[PDB]
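Asker: One structure follows; several queries about it will come next.
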Amino acid sequence: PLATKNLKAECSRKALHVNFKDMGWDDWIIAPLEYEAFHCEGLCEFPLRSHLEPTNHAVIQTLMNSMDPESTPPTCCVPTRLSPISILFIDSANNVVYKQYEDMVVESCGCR
Amino acid sequence: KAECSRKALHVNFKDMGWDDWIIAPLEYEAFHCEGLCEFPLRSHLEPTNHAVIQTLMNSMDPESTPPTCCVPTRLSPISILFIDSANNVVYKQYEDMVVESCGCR
């Protein structure tokens, strides 16, 4: 099973609305004032479905936790790919400047 | 209870029922990642920008946003000697078998 079920609770991508006005960052960030970051949440239940793209380590740990949960803890549902967003600010010359910020949005979730 | 860290994990392929194909090694040290991801996020946890933002939101309202997770961030391989379905002896390197570092994601 190396490489060289509670369906509703399975590890998945959920909403995470980041609001910069709530953080007090809106006298710095012009736009977006709110964005969909997402978050990963849910079970990493043996046997793991293909789309959760477990590492070989996660396959082993998942099985060990299934056989004895008191001895080995489960693998975790986390972002496995992230993408950037464009954030707008005012530069030194008072112009609106667009900047890309990396690893801001979940593109995929998986078990690790 | 404690900060996200690397802990011991002894893997025994015989206990897992995988000794029907793996010949060797039948046991190895894989490690595992366990613990809290909270502020202050220490340097060695190397949080992504997404994990910093999710940690911030969980701090502001833990009932609305859950915390990030302590997972392997670097892994190393092990080579396995095994018998396939056709009874052939195979030797292959398997990536991501041993946790080298943990972090918050």
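Each chain in the structure tokens gets a letter, A, B and so on, in the order shown; residues start at 1 in every chain, and ligands are counted from 1 in the order they appear.
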Go through chain B residue by residue and, counting only C-alpha atoms, keep those with an atom at most 12 Å from range 32-36 of chain A; for each kept residue give the shortest atom pair and its distance in Å to one decimal, ordered by chain and increasing number, as a Markdown table.
Answerer:
```
| residue | atom | partner | partner_atom | distance |
| --- | --- | --- | --- | --- |
| B:50 | CA | A:36 | CA | 11.1 |
| B:53 | CA | A:35 | CA | 11.6 |
| B:54 | CA | A:36 | CA | 11.6 |
```
Asker: Would you mind listing, as a ChimeraX atom specification, all residues of chain B that have at least one atom within 10 Å of chain A, where only C-alpha atoms are what counts?
Answerer: /B:9-13,15-16,18,30-34,48-54,56-57,60,64-73,75-77,79,92-99,104-105
Asker: Report, in Å with one decimal, the straight-line distance from CA of residue 21 in chain A to CA of residue 107 in chain A.
Answerer: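 Atom-to-atom, CA of residue 21 in chain A and CA of residue 107 in chain A are spaced 24.3 Å apart.
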Asker: Of the residues A:13, A:87, A:6, A:48, which is the one nearest to residue 25 in chain A, using only C-alpha atoms?
Answerer: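 Among the listed residues, A:87 lies closest to residue 25 in chain A.
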Asker: Name the residues of range 24-112 of chain A that fall into helix (DSSP H, G or I) according to DSSP on the backbone, using the chain letters and numbers of this document, as a PyMOL selection string.
Answerer: chain A and resi 50-52+56-67
Asker: Quick one: pull the distance between CA of residue 46 in chain B and CA of residue 8 in chain B, Å, one decimal.
Answerer: 20.6 Å
Asker: So that I can check the secondary structure, give me every residue of chain A assigned strand (DSSP E) by backbone DSSP, as an MDAnalysis selection string.
Answerer: chainID A and resid 12:14 17:19 34:36 39:41 77:90 96:111
